[PDB]
Amino acid sequence: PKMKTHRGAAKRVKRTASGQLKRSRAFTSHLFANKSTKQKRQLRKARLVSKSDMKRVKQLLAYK
Amino acid sequence: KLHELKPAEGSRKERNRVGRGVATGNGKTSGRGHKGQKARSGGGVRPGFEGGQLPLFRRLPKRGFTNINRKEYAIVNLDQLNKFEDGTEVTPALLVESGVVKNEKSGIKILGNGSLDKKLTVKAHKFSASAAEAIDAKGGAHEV
Amino acid sequence: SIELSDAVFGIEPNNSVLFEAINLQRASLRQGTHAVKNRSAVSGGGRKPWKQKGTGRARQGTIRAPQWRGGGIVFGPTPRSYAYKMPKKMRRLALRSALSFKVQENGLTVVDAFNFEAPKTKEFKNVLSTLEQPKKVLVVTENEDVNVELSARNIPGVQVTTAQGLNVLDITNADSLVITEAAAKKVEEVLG
RNA sequence: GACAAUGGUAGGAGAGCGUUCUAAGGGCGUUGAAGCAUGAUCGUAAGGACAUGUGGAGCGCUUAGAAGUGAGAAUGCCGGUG
RNA sequence: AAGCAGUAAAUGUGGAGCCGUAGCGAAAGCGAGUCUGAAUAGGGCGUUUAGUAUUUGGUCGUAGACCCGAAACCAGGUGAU
RNA sequence: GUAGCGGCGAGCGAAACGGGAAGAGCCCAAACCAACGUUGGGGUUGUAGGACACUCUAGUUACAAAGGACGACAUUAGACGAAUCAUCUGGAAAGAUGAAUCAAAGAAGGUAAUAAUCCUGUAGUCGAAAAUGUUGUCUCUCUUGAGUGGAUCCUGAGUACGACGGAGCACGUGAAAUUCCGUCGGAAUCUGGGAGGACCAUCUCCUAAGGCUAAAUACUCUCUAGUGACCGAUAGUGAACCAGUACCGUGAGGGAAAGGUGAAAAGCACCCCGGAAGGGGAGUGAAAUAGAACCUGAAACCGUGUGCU
């Protein structure tokens, strides 16, 4: 039948204009006294899913 | 003629059959390998991952939410309005008929991308700042 | 005498769409209605023929396994359908190309109305002989002509169709085309 | 014509042989079809013909389409015989 | 597309619907430019702004899914010749 | 595969709108009226209906109330129904060579071989004692058709709802509305009551706690008529043969193998070897190595004789 979509993946990425995926950053939940000021400033900027990971989870997000 | 039928060149290809002797190239193992999980009938691992280390979509956090009362507008640019002759009235009842708007979601919004070079009158739900002056630069008026 | 517009009967045939339409019509005439029995469908074979080990014999689980004699068939034929569809604009081209191919080889003649009063096969045979037509011929009518249809339906190689229901297989199969002027005009108008 | 290349497991790519059925066209057959046996025949390969014996009623060829399409191994299944 | 007509027929009608023509932002929202930011000051993602319907071939997912092979588990019954 | 649910993991997964098939709606409890709690009338609702007082006239037997009498099609047997003669091979002609005919009939099967014109049939038409279905034109059985005013009265009670423990809604008690069960408490009476995803206020929609209703939808043990780029005896139902049979088990239960003479039995009169089985002649047949262990008859394997060693 119809192919199902990974609901957990749909809550973490968004598709860009050229078909790429825009993701968020990790290591930002708590324990902020153990990280430098420069580290925390640069962890607030979004990134892109790498090409190595894209080849593995491309079928998961096909309706997105 | 029914007794000379020729399909288009380069439009048909014969399929591949495995396990039909060693001269074909896919005889014994049928392109699978030797003695693995992926060499058995029943597949391998899930498309995401199976076992192993933490998956990528498990070590990243969720972001944002969604709005129940979201409105989406069908956008028509200035260049797309050159079809209508100058000095005529343009209505959402006319843009749909003329073939410019296929699906009117919540309204018509005029975006000023291009060049008008016309003398027409258009009414729509919303207008952009750039499209407001361009319509009135050469003459005309807009009504909401 | 009369002249038809060159959009129909006056264009270069397109062999790709014609072949696709012929294949489509041939495949849509096919019903599967074929099936076999798999491992679960065959009667019996619930127990185990013998224990896993203890005697020198091959290990077996059921008496209805594929390698046995009388067991189920794996990956046989299954009932399904073979029909498929093609865009509407491409179907019109597949018919005009057939008509143009028919008219290029001088295989299209126009006659007046058929004022048949009674169904007579001999009269139709004579009028075919007078027109000097081959063994295979297709004739169209403006509507369903009952008297014309009752005759000519027992002569081999003779088939009758209406103006609206023109087929792609029929035009290609027939050797010659005989059309009435009213039906020719209706075909020129209704068909693009 | 002139030159250059052509050992190969896992595996990737391309061109082909053969079997069963269908559409159209065109053929063979009691003056003998398929099948079966023999022969010192033909093509680069899978393979294709011809003649002779048996056989007694169906079968090839060309272009397309479809698939229950190819067997030496599984202490494989059934029958026959050492 | 479903439906109606038509030979279980391949063909007409049927424009609910779907994809594309414009992106950015969690969102309000703005719009060839948007977000962050006091500040296009810099930076991220966009301005390619040609696709779409059907079908041959390759691969993946859901269904037993290339085939044969367990020690075991649950439910309903038959047995103290 | 959207919104959502989810050790937010594996995974589960909607509705309204819009396009179509089909498409009729009614009857009860109460206020009121006369008998002896009973039976009749009245009355069925949200643009609020009715009792009460006011001038006040379509049989629907598929729901809406329940039993029967009036002619036309359809099944359960059938009947008519066009057209060919020669020669060659052959045991046999339907094949080949030549000349004709029919066709609203060139579907199919059988005939000593491959037949539109040899047979049974097909296209078309006709036919029904008697039984059974559907239908439609009269019989027959019921029948009170309309609006302004609202004093007063009636409109479903251990019901709605709440707490505790569960279940079901796509929704795992979660901010969980909407609805069911068990226990315990427990309301109001058109200024009434419920809903619009906790809850309150304003607006909008509706009127629970009584009961029936055809059509579009799903399925095939059977009856008639048909089809297939479905099998052709290790295949197709386990079963083409008198198969759920042989046979195996205390029992529940399991479960096979086996089709073919020839067109026609015309199935070998008679002679010879025996005790018989079998064989050699003769005869029937186109063919008897087609002799009923019978169409063709591969391989493994078992025997006889020969050229070279």
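How much net charge surrounds residue C:142 when only the other residues with a Cβ under 11 Å from the Cβ of residue C:142 are counted, with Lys and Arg +1 and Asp and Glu -1?
-1
Amide H of residue B:122: which non-local residues (sequence gap of 5 or more, or other chain) have their own amide H closer than 5 Å, using H built in the peptide plane?
Close amide H contacts, sequence-distant or interchain: B:90, B:141, B:143.
Could you pull out every residue, at least 5 positions away or on a different chain, whose amide H is within less than 5 Å of the one on residue B:77? Hs are placed 1.01 Å off N in the peptide plane, and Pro or chain starts have none.
B:111
Quickly estimate the mean residue ellipticity at 222 nm for the protein assembly as shown, helices only: each DSSP H run with n ≥ 4 gives -39500 (n - 2.57), and the total goes over all residues, rounded to 500. Mind showing how you got there, number by number?
Details: 11 runs with 93 residues, N = 400.
Roughly -6500 deg cm²/dmol at 222 nm, from the helical runs in the protein assembly as shown.
Using a basic spin-label model with each label point 7 Å from the Cα along Cα→Cβ, how many nm lie between residue C:39 and residue C:110?
Using points 7 Å along Cα→Cβ, the separation is 7.0 nm.
Stokes-Einstein at 4 °C, 1.567 mPa s, Kirkwood radius from Cα pairs: D for chain A in µm² s⁻¹? Don't skip to the end; give the middle numbers.
Values: Rh = 13.8 Å.
So the translational diffusion coefficient is about 94 µm²/s.
About its Cα centre, how strong a charge dipole does chain B have in debye, to the nearest 20, once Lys and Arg get +1 and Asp and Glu get -1 at the Cβ? Write out the running numbers ahead of the final one.
Numbers: 28 positive and 15 negative charges, 413 e Å.
Result for chain B is approximately 1980 debye, rounded to the nearest 20.
Averaged across B:133-142, how many Cβ atoms of other chains sit within 10 Å of each residue's Cβ atom? Please list the in-between numbers first.
Details: counts 0, 0, 0, 0, 0, 0, 0, 0, 0, 0.
Shielding by partners across B:133-142 averages 0.
Pick out, from B:100, B:74, B:25, the residue whose Cα sits farthest towards the positive end of the charge dipole of chain B, with +1 on the Cβ of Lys and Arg and -1 on the Cβ of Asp and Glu.
B:25
Based on alpha-carbon centroids, what's the gap between the range C:146-184 and the range C:105-132 in Å, whole number please?
Taking the Cα centre of each part, the range C:146-184 and the range C:105-132 sit 11 Å apart.
For a Förster distance of 35 Å, can you work out the FRET efficiency between the beta-carbons of residue B:63 and residue B:143, rounded to the nearest 0.05?
Details: r = 41 Å, r/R0 = 1.16.
The computed FRET efficiency comes out at 0.30.
Let me confirm one metric for peptide A:26-33, namely the mean number of other chain beta-carbon atoms within 10 Å of its residues' beta-carbons. Could you put the intermediate results ahead of the total?
Working: counts 4, 2, 1, 1, 0, 0, 0, 0.
Mean partner-chain Cβ count within 10 Å for A:26-33: 1.
Using +1 at the C-beta of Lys and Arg and -1 at the C-beta of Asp and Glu, which of C:28, C:140, C:104 has the Cα lying farthest in the positive direction of the dipole of chain C?
Ranked along the dipole, the leading option is C:28.
How much net charge surrounds residue C:156 when only the other residues with a Cβ under 13 Å from the Cβ of residue C:156 are counted, with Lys and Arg +1 and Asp and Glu -1? Write out the running numbers ahead of the final one.
On the way: positive: C:125, C:135, C:136, C:153; negative: C:175.
Local charge sum for residue C:156: +3.
Under a point-charge model restricted to the Cβ atoms of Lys and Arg (+1) and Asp and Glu (-1), what is the dipole moment magnitude of chain A relative to its Cα centre, in debye to the nearest 20? Present the calculation step by step, with values, prior to reporting the outcome.
Values: 22 positive and 1 negative charges, 24 e Å.
Magnitude of the dipole: close to 120 debye.
Residue by residue through B:30-38, how many Cβ atoms from other chains fall within 10 Å of the Cβ on average? Could you put the intermediate results ahead of the total?
Working: counts 0, 0, 0, 0, 0, 0, 0, 0, 0.
The per-residue average across the peptide is 0.
Using a simple charge model, +1 on the beta-carbon of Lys and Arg, -1 on the beta-carbon of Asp and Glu, nothing else, what dipole does the range C:53-109 show about its Cα centre, in debye to the nearest 20? All intermediate terms of the calculation are to be shown ahead of the outcome.
On the way: 13 positive and 1 negative charges, 70 e Å.
Using only the charged Cβ atoms, the result is roughly 340 debye.
How much of the DSSP bridge set in the protein assembly as shown is antiparallel, in percent, rounded to the nearest 5?
Details: 5 of 28 bridges.
Looking only at bridges with both residues in the protein assembly as shown, the antiparallel portion is about 20 percent.
Applying 1/(1 + (r/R0)^6) with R0 = 25 Å to the Cβ-Cβ distance of residue B:22 and residue C:74, what FRET efficiency is obtained, to the nearest 0.05? Display every interim value, and only then the final one.
On the way: r = 23 Å, r/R0 = 0.93.
Plugging the Cβ-Cβ distance into 1/(1 + (r/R0)^6) gives 0.60.
Can you list the HN-Hα couplings for the range C:173-181, worked out from phi with the Karplus curve (6.51, -1.76, 1.60; θ = phi - 60°), rounded to whole Hz and with x for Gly and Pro?
Working through the residues one at a time gives 6, 5, 8, 9, 10, 10, 10, 7, 5 Hz.
Throughout, read-outs are computed from the coordinates displayed, never taken from laboratory work. Positions of Cβ are generated from backbone atoms using ideal geometry, with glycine treated the same way; all protein chains shown enter the neighbour counts.
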